[PDB]
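Participant: Just dropping this structure here.
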Amino acid sequence: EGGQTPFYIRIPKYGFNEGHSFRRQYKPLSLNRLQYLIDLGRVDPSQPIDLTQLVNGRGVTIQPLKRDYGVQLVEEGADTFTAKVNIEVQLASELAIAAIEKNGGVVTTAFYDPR
RNA sequence: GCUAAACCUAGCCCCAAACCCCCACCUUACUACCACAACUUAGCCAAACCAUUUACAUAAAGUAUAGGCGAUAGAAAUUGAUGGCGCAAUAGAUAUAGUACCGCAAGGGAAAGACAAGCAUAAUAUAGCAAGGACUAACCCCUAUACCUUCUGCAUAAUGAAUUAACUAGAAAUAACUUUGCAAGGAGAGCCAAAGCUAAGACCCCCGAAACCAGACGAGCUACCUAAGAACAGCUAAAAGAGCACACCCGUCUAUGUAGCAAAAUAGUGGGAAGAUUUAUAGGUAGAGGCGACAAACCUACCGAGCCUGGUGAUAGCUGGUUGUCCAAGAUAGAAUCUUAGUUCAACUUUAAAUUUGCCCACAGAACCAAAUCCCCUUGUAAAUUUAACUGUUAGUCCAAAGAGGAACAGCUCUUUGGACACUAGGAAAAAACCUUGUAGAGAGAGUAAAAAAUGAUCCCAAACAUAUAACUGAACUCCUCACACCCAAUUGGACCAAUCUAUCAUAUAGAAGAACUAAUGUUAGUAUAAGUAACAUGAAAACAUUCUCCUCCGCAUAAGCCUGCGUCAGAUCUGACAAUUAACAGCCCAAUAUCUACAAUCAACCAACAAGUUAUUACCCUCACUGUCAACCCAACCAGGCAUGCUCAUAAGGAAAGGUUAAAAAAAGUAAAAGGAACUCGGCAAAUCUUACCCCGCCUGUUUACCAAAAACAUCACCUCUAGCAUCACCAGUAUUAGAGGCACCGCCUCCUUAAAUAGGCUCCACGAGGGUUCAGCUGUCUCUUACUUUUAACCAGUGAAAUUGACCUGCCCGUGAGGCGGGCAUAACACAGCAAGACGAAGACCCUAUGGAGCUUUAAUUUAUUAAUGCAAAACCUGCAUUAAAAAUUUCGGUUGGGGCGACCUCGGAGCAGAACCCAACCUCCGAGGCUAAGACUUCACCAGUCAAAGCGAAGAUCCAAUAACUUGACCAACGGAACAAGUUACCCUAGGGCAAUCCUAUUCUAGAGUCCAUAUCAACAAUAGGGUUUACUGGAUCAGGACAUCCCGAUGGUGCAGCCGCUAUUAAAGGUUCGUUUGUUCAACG
Ligand SMILES: [Mg+2]
Ligand SMILES: [Mg+2]
Ligand SMILES: [Mg+2]
Ligand SMILES: [Mg+2]
Ligand SMILES: [Mg+2]
Ligand SMILES: [Mg+2]
Ligand SMILES: [Mg+2]
Ligand SMILES: [Mg+2]
Ligand SMILES: [Mg+2]
Ligand SMILES: [Mg+2]
Ligand SMILES: [Mg+2]
Ligand SMILES: [Mg+2]
Ligand SMILES: [Mg+2]
Ligand SMILES: [Mg+2]
Ligand SMILES: [Mg+2]
Ligand SMILES: [Mg+2]
Ligand SMILES: [Mg+2]
Ligand SMILES: [Mg+2]
Ligand SMILES: [Mg+2]
Ligand SMILES: [Mg+2]
Ligand SMILES: [Mg+2]
Ligand SMILES: [Mg+2]
Ligand SMILES: [Mg+2]
Ligand SMILES: [Mg+2]
Ligand SMILES: [Mg+2]
Ligand SMILES: [Mg+2]
Ligand SMILES: [Mg+2]
Ligand SMILES: [Mg+2]
Ligand SMILES: [Mg+2]
Ligand SMILES: [Mg+2]
Ligand SMILES: [Mg+2]
Ligand SMILES: [Mg+2]
Ligand SMILES: [Mg+2]
Ligand SMILES: [Mg+2]
Ligand SMILES: [Mg+2]
Ligand SMILES: [Mg+2]
Ligand SMILES: [Mg+2]
Ligand SMILES: [Mg+2]
């Protein structure tokens, strides 16, 4: 800025990003999307839905190398979800647990290390 | 018509593949043959200084991490791995060649081979950016201030260009926009994804410093030193840095010369010339180093720090450049910044896109203490806001107005409202800034706008006109017939396109790219201009055998250097062949071991000194090989220069000062000069003559700034001060009467005259000085005052034949504007030749300012102790590690506004007038101080960063980075107060890039009013007023020639007088003519005869 102290140096530091490379990330899998994938025949609800079968149906795109650890079910679309699925994900809000149980479904949260 | 112009390939560039190749020679390299050794990149460069710091498959990932946490730097785990839209002789390699040539050396480093400019055929005719309108007609008429770049516009204010041809300067990401594919997914793994992804398309130049660091090359020049050599006539004087003076060395003063004979010479005049002298030969000292009788002197022509290669395409807020066509939008609020020669933000500009209000604006409304301004309903309009994406400009000039500063002036600094300029056109003379006028083309149509004067110094300046009806003239404005994108800088958008290559046709559609030159003191080649100019050369006659005239510190030889460089023949105006220089002279040397090796040389004897100057034994009975041998010569680019020694000392040797002519100027050298003899001049410089006296400085001889200073500077005997008790590489084969480092400079003594005239001259201390000043006498063309002759130059004829310079020129004078070129007058047929120097701001060197350029010097400016030296502590009598103290260095910097730059103040924030009435507006203008939590909406110091107010609701009544921190957070400095973490004084040695209508007053005319023995006018004439003219520092003369005005000093004419008269005094008129010589001195005057 011509010698005047630059704008990006007169504003104090704060840990907006400290640790960002190690804060784990999870790709959402909304119930809307799960229903949409089930209907069009991409995932198969007559077979346990793990991460492999979510990806082999191109339902979510997992990036291991960017510190994604897995999927998280999100409550969006709890209404209108009608499917009997045995889904294994890496997180779940209690509303998603409900949405999967109310229709006679089992949901289990597993863990997967980056390797 | 010459000169030229043209061509193809010889080769090369980038890839792929494949791992590539007889003799002599380290001594003086290219020479057959005898007794030591090799083993961290600093820094240019970024941080806009600089100091820590700064780069040398794909993906992960520009992530972790490092970092004045600034600039920037930056992993790993894991993943998986024969060809050419190339050049084609200024290109491609530098290449026909690392040759020629340059340099001592390291090293540098070429060229080329196959009807352009310039001229001729054919010189020109008043006048003028060389053209345009035209015209029957080339000129004549009217119009018309060259181009680029930089400053606000620039008449050329300044910079650049002789001219042609060739070569020569926009490379790329982050987003965005456009067009395709696919679309909740895209992508040929890694990435993105709340319509996004993938692909393509578009956008970021060239030349130039002083410098820095590293490694090489240089002491054949010069500075000094070493070894072993050489020179120094004659006279005077006898052991001396003695006197006069040759060879030799130096270089005082003047003149010539200034691209010269010479990148420092020539001629004369000069200093030394037995010594501290001069000099040939080999060796040594090497660049922050050497050497230095210190001058920043010299180290291979350019040294306040050599040269070459590399880092290097150094960097450059600075200068200069930046190449096809056409159209369109397009300009002067401000803030911060080691900042005002620049950058970033804003404001303004541009494009694409979205949306709906934008501008003008009455009535109402805005405070207590003149102009106008603000705000909106309508109305005339069609624009405005918002979003996405970039560049560019920024502290401009003039005019009207209101203010502040300098008078209410100085064409003066600053703020504000408006206009114009940097855009077109017409007017006021020329004219950026006044008045008139804009949207662009063709017309041999038309209507208008503005627009005319009244009553001191070269040469006045349109010519004229008192009285025939007021209208006409006049633009690119407007109308007319036709056609329309077709007149701004920086910038931005768009439509076209020259030429080349590739794909397909086989000029088009595409794709590419070394893709376009009126301009960089651009580079290379060609040819011009100055120019057939400056300059150069061959003694005479002849019968080519010879004779004559004149000249030389020259000639012959050796050495050094060079290497066939005027011998014959044959071809030309130099090329080839042939031939040569014969060793006795000179070089090329030596078997070993021990021994010795005290006393000079000077005609070497007298006196006298100091600087002190080979063999005995052992081994060998071998013979002349090898090389230089020439010349007109070497170092200076080819040369009035440089070059050691021996002998000839004016020549037995060697040469030629005049191409022919005439006898102009100016110039150069020389000779002569009447009377006077320094009156010249800064000065007796030069020349002629040869004498004297003093004063200042330095004791003397000597040395120094190669190439502007030879001195009053350096050195020097003598004296003094400081340090040092001693081995084999200097001091030193030395030892306190010695050695090194400093100051000073023997010795003795102490710690009013001058001239006619005058600003000049007048601690003791002999001798000396190209030192400085003064004087006597003489001398002389220095001068009063020039003149003649000779030589060179010169001018002409003949031969040979440059260079600076050059935008184009068809190249006048006077006045005005701001000048050969503009305006108004005047002049004007064309053309050589020789002169001159008034003008063409006619073609190196200085001075002021700037750069967060460079290099220094000093320090009590900041940082360091790495290296050394002392200690101190551990380590096994010496070295290693750590710490402290010092010296020695090393790296680094020099804030801002300013009287007239310096001195001195201030530098952030706040309040009052300028800024009278929303907002804002400068000051080194005017006057003063300070250092509870949550949350709708807003205001703001014209950016940002900061800053400010706040309904409701819930609870109680001076920045960033760093360190200490558990913390809740915390501070100093940053006051140069948007802040480098820590840096001053100075450059007379500096280098590069660049910029350059007077307050106070002087004088004359107006009231006379005051005086003058009476009386203003015979004189001063006070203040003031009206006139023409300047005052810059504190808090440029002289010679030479002079042109001009009159405001007249003289001469001329006239009036009054208190001159009763010449002369005086004032006043009018008059510029044809004239307006002296000297002493002292040089802000230039003044004084004096
Ligand atoms: Mg600063
Ligand atoms: Mg720097
Ligand atoms: Mg070539
Ligand atoms: Mg070449
Ligand atoms: Mg021609
Ligand atoms: Mg001119
Ligand atoms: Mg020029
Ligand atoms: Mg020598
Ligand atoms: Mg550059
Ligand atoms: Mg600057
Ligand atoms: Mg326009
Ligand atoms: Mg309104
Ligand atoms: Mg028009
Ligand atoms: Mg074509
Ligand atoms: Mg080009
Ligand atoms: Mg050129
Ligand atoms: Mg001439
Ligand atoms: Mg001549
Ligand atoms: Mg021989
Ligand atoms: Mg012999
Ligand atoms: Mg001989
Ligand atoms: Mg002879
Ligand atoms: Mg001759
Ligand atoms: Mg002649
Ligand atoms: Mg005489
Ligand atoms: Mg002397
Ligand atoms: Mg002397
Ligand atoms: Mg001639
Ligand atoms: Mg004039
Ligand atoms: Mg002439
Ligand atoms: Mg600066
Ligand atoms: Mg500097
Ligand atoms: Mg104020
Ligand atoms: Mg302000
Ligand atoms: Mg603000
Ligand atoms: Mg409240
Ligand atoms: Mg500052
Ligand atoms: Mg400031």
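Within each chain, counting starts at residue 1; across the structure tokens, chains are named A, B, ... in the order shown, with ligands numbered 1 upward in that order.
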Counting only C-alpha atoms (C1' of nucleotides) and all ligand atoms, what residues are within 7 Å of ligand 1, given as a list in words?

Facilitator: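 The residues near ligand 1 are residues 3 and 4 of chain A; 337, 338, 979 and 980 of chain B.
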
Participant: Dump as a Markdown table the rows for residues of chain B within 7 Å of chain A: closest atom pair and distance in Å with one decimal, only C-alpha atoms (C1' of nucleotides) counted, ordered by chain and rising residue number.

Facilitator:
```
| residue | atom | partner | partner_atom | distance |
| --- | --- | --- | --- | --- |
| B:60 | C1' | A:65 | CA | 6.7 |
| B:336 | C1' | A:4 | CA | 6.3 |
| B:337 | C1' | A:3 | CA | 5.1 |
| B:343 | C1' | A:2 | CA | 4.8 |
| B:344 | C1' | A:1 | CA | 4.1 |
| B:959 | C1' | A:10 | CA | 5.5 |
| B:960 | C1' | A:10 | CA | 4.6 |
| B:978 | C1' | A:4 | CA | 5.4 |
```

Participant: Could you list, as a list in words, every residue within 9 Å of range 807-824 of chain B, counting only C-alpha atoms (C1' of nucleotides) and ignoring same-chain residues fewer than 5 positions away?

Facilitator: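 Near range 807-824 of chain B, the qualifying residues are residues 127, 128, 129, 130, 145, 146, 147, 155, 161, 162, 429, 430, 431, 458, 459, 461 and 462 of chain B.
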
Participant: Considering only C-alpha atoms (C1' of nucleotides) and all ligand atoms, can you say which of B:894, B:706, B:605, B:861 comes closest to ligand 32?

Facilitator: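 Comparing B:894, B:706, B:605, B:861 against ligand 32, the winner is B:894.
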
Participant: Throw together the list of residues within 8 Å of ligand 31, counting only C-alpha atoms (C1' of nucleotides) and all ligand atoms, and drop it here as a PyMOL selection string.

Facilitator: chain B and resi 317+338-339+342+851-852

Participant: Write out as a PyMOL selection string each polymer residue (protein, DNA or RNA) that has an atom no more than 12 Å from ligand 14, with only C-alpha atoms (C1' of nucleotides) and all ligand atoms counted.

Facilitator: chain B and resi 497-499+507-508

Participant: May I have the residues from that selection written out with C-alpha atoms (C1' of nucleotides), as a PDB file, in the first residue's frame?

Facilitator:
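Written output follows (selection.pdb):
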```
ATOM      1  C1'   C B 497      -6.573  -6.894 -42.566  1.00  0.00           C
ATOM      2  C1'   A B 498      -1.216  -6.958 -45.366  1.00  0.00           C
ATOM      3  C1'   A B 499       2.727 -11.020 -45.672  1.00  0.00           C
ATOM      4  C1'   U B 507      -6.961 -17.764 -54.303  1.00  0.00           C
ATOM      5  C1'   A B 508     -11.047 -19.556 -50.074  1.00  0.00           C
TER       6        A B 508
END
```

Participant: If you run DSSP over the backbone, which residues in chain A end up alpha helix (DSSP H)? Put them as a ChimeraX atom specification.

Facilitator: /A:31-39,51-55,94-101

Participant: Give me, as an MDAnalysis selection string, the set of residues whose atoms come within 8 Å of any atom of ligand 9, counting only C-alpha atoms (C1' of nucleotides) and all ligand atoms.

Facilitator: chainID B and resid 208 315:316

Participant: Around ligand 17, which protein and nucleic acid residues have at least one atom no more than 10 Å from it, if we count only C-alpha atoms (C1' of nucleotides) and all ligand atoms? List them as a list in words.

Facilitator: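 The neighbouring residues of ligand 17 are, in order, residues 530, 531, 533 and 534 of chain B.
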
Participant: Counting only C-alpha atoms (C1' of nucleotides) and all ligand atoms, which protein, DNA or RNA residues come within 10 Å of ligand 27, given as a list in words?

Facilitator: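 Going residue by residue within 10 Å of ligand 27, we get residues 252, 271, 710, 711, 769, 770 and 771 of chain B.
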
Participant: Enter the distance from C1' of residue 388 in chain B to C1' of residue 62 in chain B, in Å, rounded to one decimal.

Facilitator: 28.1 Å

Participant: Extract, using only C-alpha atoms (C1' of nucleotides), all DNA, RNA and protein residues at most 6 Å from residue 57 in chain A, discarding same-chain residues fewer than 2 positions from it, and format them as a list in words.

Facilitator: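 Using only C-alpha atoms (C1' of nucleotides), the neighbours found are residues 42, 43, 54, 55 and 59 of chain A.
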
Participant: Produce a file of the selected residues containing C-alpha atoms, as an mmCIF file, in the first residue's frame.

Facilitator:
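What follows is the written file selection.cif:
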```
data_model
loop_
_atom_site.group_PDB
_atom_site.id
_atom_site.type_symbol
_atom_site.label_atom_id
_atom_site.label_comp_id
_atom_site.auth_asym_id
_atom_site.auth_seq_id
_atom_site.Cartn_x
_atom_site.Cartn_y
_atom_site.Cartn_z
ATOM 1 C CA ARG A 42 -28.534 -46.837 -7.882
ATOM 2 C CA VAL A 43 -28.178 -48.139 -4.315
ATOM 3 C CA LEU A 54 -22.883 -45.429 -1.681
ATOM 4 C CA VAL A 55 -19.851 -44.636 -3.830
ATOM 5 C CA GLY A 59 -24.158 -41.180 -4.472
#
```

Participant: Residues at most 7 Å from range 101-109 of chain B, counting only C-alpha atoms (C1' of nucleotides), excluding those fewer than 3 positions away in the same chain, as an MDAnalysis selection string?

Facilitator: chainID B and resid 216:218 308

Participant: Select from chain A everything DSSP, run on the backbone, classes as strand (DSSP E or B), then give the selection as a PyMOL selection string.

Facilitator: chain A and resi 2+4+25-30+49+68-74+86-89+92+106-109
